[PDB]
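> take this sequence and fold it.
(2 chains)
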Amino acid sequence: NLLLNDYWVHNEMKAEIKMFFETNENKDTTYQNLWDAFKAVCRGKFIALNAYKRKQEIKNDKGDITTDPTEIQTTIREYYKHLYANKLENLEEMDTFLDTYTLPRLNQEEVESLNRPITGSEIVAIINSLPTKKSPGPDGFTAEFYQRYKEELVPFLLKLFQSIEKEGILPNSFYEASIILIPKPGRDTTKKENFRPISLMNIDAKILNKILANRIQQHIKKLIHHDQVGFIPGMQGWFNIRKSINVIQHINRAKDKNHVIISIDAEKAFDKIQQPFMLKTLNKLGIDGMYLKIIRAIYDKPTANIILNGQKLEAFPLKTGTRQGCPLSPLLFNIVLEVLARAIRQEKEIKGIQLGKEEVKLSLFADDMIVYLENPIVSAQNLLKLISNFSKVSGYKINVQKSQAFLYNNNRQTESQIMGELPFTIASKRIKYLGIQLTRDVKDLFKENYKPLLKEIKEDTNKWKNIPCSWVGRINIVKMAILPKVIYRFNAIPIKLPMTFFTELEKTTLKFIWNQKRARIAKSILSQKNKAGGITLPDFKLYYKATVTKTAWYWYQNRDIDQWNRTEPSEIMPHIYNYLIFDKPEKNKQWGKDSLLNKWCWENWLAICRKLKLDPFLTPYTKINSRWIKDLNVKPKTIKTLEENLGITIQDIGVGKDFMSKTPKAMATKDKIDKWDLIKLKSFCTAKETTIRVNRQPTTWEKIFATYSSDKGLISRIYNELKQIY
RNA sequence: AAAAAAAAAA
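Residues are numbered from 1 along each chain as shown, chains lettered A, B, ... in the order given. Okay, here it is:
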């Protein structure tokens, strides 16, 4: 990195790049070996430049405790290679499972989009969007190499990529990788299976599959189901938590408790899937041409070298298991699990939980898959056989030791047959999920999710006390260490939190920032913006308030990829959860009791807007399909007529004296609109009140809840907005 | 200490 910032070295390497390749332009060889030789000559040149600058300036198989550096090499290497070398040869048996069920088929245009030749725009975007301060596959290189030498490799990489077009093979240096062993959180180091494989590959290799990932990233939503939320941009991890928690609330209210909840976690699923399976599934869903050709060469014979205690252990062929840390690998992880997800979904012998008209049966993540079952006498047994059959074709062995379950039964005699037969660790109190605890009882959801939470900072704040640093150095780590983690809890679990709860949370922080001393500056002044002299002190009371309103956005957009919002129980007339925000309010209809995470949002949604002195039921950002127009008898087809034309807001449609007539294309639309609809709609905005309500400039608050579809920093806008009003 | 989750911290 330091050598990469030298102007003389930069010019020398620019000259070497310019007059190196055009010295042996021979047709006898290929471009991959020339590429590797260019890497080697770059390594030699950097070695020479560094020299010039320096001149100028655990338990074994028997269970015994072993500490010998030579002995441990023979154990972990054998254990890793034993699992990695086991490649399934039952190719004919493998295809039978795939033909049993159905997988999506990509349209030719999408395949052509994946088969589209790499342009000069993808190269610049990926290299620009390359995070720094990281370590790739060694190569004697670093990440800053391609972020500084962009100009000479912008056309050159296409030439390197053009070689793949006529060959479909990868360079020998592309296959190398560096698996880094890091311990799992809160696990003993004595067991050889408690380490995490972190394989770092070449930046050039890391680039290559990224477009392969990026090309399928634009099509991943069509491929996999919406149930999986792992590593899918536009989808958040807490989706399952809210989805899952609603089930226990349903199970608690349900008098007939005979359903079972299991959190199936797999032991190192990142490395125990079969390359033949993942290659043929990629063939089975319509992918072919270059995409099938290039993906075959990527995993034709991948290998990785182990590094431990400063030893460059020799590499070995990864016969099975996708490479860890590859950006494309998680996308492939979903697909191999996707057919698994469909297999359980399409298995009608095992039934899912029917929440009204919504069918909820299972959920996925990276490793912590959860399946909801009822009548475990048959359904649970039917679950095991499919996984073993999937394991028989993929090596997907479920970690029954580390995976718990939740049993809800009314007869103790029936319960005895579960632990006796089902080998799952039936935990009757709580289970682990990404740091959250799905309590058996909803009344205990507050206790086991926040009482451990409040004491978590109690000893955490009991550590950063003796550091000789200023009071300014206390608030920043609060926003860095504890603040990011807590909002995960509110986002996953927005229960009505008593004011007493925030007392300990605030007071613990208060003694931390001043180091067990009285406040030197006013809290209100310090809570203001930097412009007014403040530091923007975190306010968890509003952060909880903001996070309760964070989910208020999803009702407006009503994306079909979110199902958890429809899981709330309702013993009365069906879903209205789409026509609530920015719509006419329904009278003589109040939610509560069974509803836990929706009514509180509405109670908090109305509270904030009333303080703003705003009418939320009629806004410029009102949806065209809002119930305000559905109050009277209207034709559903009529909304579809202008859905393709304007589609977004009633305001753009026209109001006042501009009934569906404000823009030239509307003149070509009114003919399509039914004439009984015109008289119905011409009376809608005739009233003066209806005009002023919409004919107004939208404020900042309504902006974020309509625009800003890339909902990544919704907290920042809402919390800042709540700071000003409150 | 990598793919992806995130608070923006400017």
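> so how far is RNA strand B from residue A:619?
24 Å (CB to the nearest atom of the strand, to the nearest Å). C-beta: built from backbone N, CA, C; applies to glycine.
> for chain A, what spans make up the strands?
A:177-183, A:195-201, A:259-265, A:303-308, A:311-317, A:353-355, A:358-360, A:362-363, A:368-374, A:404-407, A:425-426, A:432-433, A:436-437 (DSSP state E).
> interface residues of chain A facing RNA strand B?
A:131, A:133-136, A:180, A:182, A:196, A:198, A:200, A:230-231, A:233, A:236-237, A:324-327, A:329-330, A:366, A:476, A:479-480, A:483-484, A:487, A:491, A:530, A:536, A:712-716, A:719 (CB under 7 Å from any atom of the strand).
> skipping adjacent residues, who's closest to the residue nearest the centre of chain A in space?
Among the residues of chain A, residue A:231 comes closest to the average C-alpha position under CA atoms, centre = their mean, at 3.6 Å. Among residues not flanking residue A:231 along the chain, residue A:330 sits closest, at 4.0 Å (CB to CB, 6 or more residues apart in numbering).
> okay, the strands of chain A in JSON lines with mean neighbour count next?
Below are these laid out as JSON lines (neighbours: other CB atoms under 10 Å):
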{"stretch": "strand A:177-183", "mean neighbour count": "17"}
{"stretch": "strand A:195-201", "mean neighbour count": "20"}
{"stretch": "strand A:259-265", "mean neighbour count": "22"}
{"stretch": "strand A:303-308", "mean neighbour count": "18"}
{"stretch": "strand A:311-317", "mean neighbour count": "13"}
{"stretch": "strand A:353-355", "mean neighbour count": "16"}
{"stretch": "strand A:358-360", "mean neighbour count": "16"}
{"stretch": "strand A:362-363", "mean neighbour count": "22"}
{"stretch": "strand A:368-374", "mean neighbour count": "22"}
{"stretch": "strand A:404-407", "mean neighbour count": "23"}
{"stretch": "strand A:425-426", "mean neighbour count": "14"}
{"stretch": "strand A:432-433", "mean neighbour count": "18"}
{"stretch": "strand A:436-437", "mean neighbour count": "20"}
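> ok, the residue of the stretch 501-650 of chain A found nearest RNA strand B to residue A:653 distance?
Of all residues in the stretch 501-650 of chain A, the one sitting closest to RNA strand B is residue A:530 (6.2 Å; CB to the nearest atom of the strand). Residue A:530 sits 42 Å away from residue A:653, going by CB to CB, to the nearest Å.
> so between those two, which is more surrounded?
Under the criterion of other CB atoms under 10 Å, the comparison of residue A:530 against residue A:653 puts residue A:653 first, with 25 against 8.
> OK, contacts around the closest residue to that one other than its chain neighbours?
Leaving aside its chain neighbours, residue A:653 sits nearest to residue A:646 (5.6 Å; criterion: CB to CB, 6+ apart). Listed by CB atoms under 8 Å, 6 or more residues apart in numbering, the contact partners of residue A:646 are A:624, A:652-653.
> repeat for residue A:578
If a contact means CB under 8 Å, 6+ apart, then residue A:578 has A:555, A:558 as its contacts.
> for the residue nearest to residue A:516 when sequence neighbours are not counted, give me its contacts.
Nearest non-adjacent residue to residue A:516, counting by CB to CB, 6+ apart: residue A:465, 7.7 Å away. Residues near residue A:465 by CB under 8 Å, 6+ apart: A:512, A:515-516.
> for the lengthiest helix in chain A, which helices and strands make contact with it?
Ranked by residue count, the top helix of chain A under DSSP state H comes out as helix A:31-56. Applying 3 or more CB pairs under 8 Å, 6 or more residues apart in numbering; DSSP states H and E, we find helix A:31-56 packed against helix A:7-21, helix A:150-167.
> in it, what's buried?
Within helix A:31-56, the residues scored as buried using 16 or more other CB atoms under 10 Å are A:31-32, A:34-35, A:38-39, A:42, A:46, A:49.
> mind putting the helices and strands packed on helix A:31-56 into TSV with mean neighbour count?
Below are those laid out as TSV (neighbours: other CB under 10 Å):
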stretch	mean neighbour count
helix A:7-21	14
helix A:150-167	15
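> out of those helices, which comes closest to residue A:337?
Residue A:337 lies closest, by CB to CB, to one member of those: helix A:150-167, at 28.3 Å.
> hmm, who's touching that closest one?
A:14, A:17-18, A:21, A:30-32, A:35, A:117-118, A:120, A:123-124, A:127, A:146, A:170, A:207, A:290, A:294.
> try stretch A:609-627
Here stretch A:609-627 has contacts from A:556, A:576, A:579, A:581-586, A:605-606, A:628, A:639, A:642-643, A:646-651, A:653, A:690, A:693-694, A:696-699, A:701-702, A:705-706, A:725-726, using CB under 8 Å, 6+ apart.
> show the buried residues in those.
A:556, A:579, A:581-584, A:605, A:628, A:639, A:642, A:646, A:649-651, A:653, A:690, A:693-694, A:698, A:701-702, A:705-706.
> filter those residues down to the ones in helices?
Using DSSP H, the subset of those located in helices is A:556, A:605, A:628, A:639, A:642, A:650-651, A:653, A:690, A:693-694, A:701-702.
> go through the residues you listed and say which is closest to residue A:408.
Nearest member of those to residue A:408, counting by CB to CB, is residue A:605, at 32.8 Å.
> let me see the ranges of the helices in the stretch 251-400 of chain A.
Shown for the stretch 251-400 of chain A, the helices assigned by DSSP state H, counting those that start in this stretch span residues A:275-284, A:290-298, A:328-346, A:379-394.
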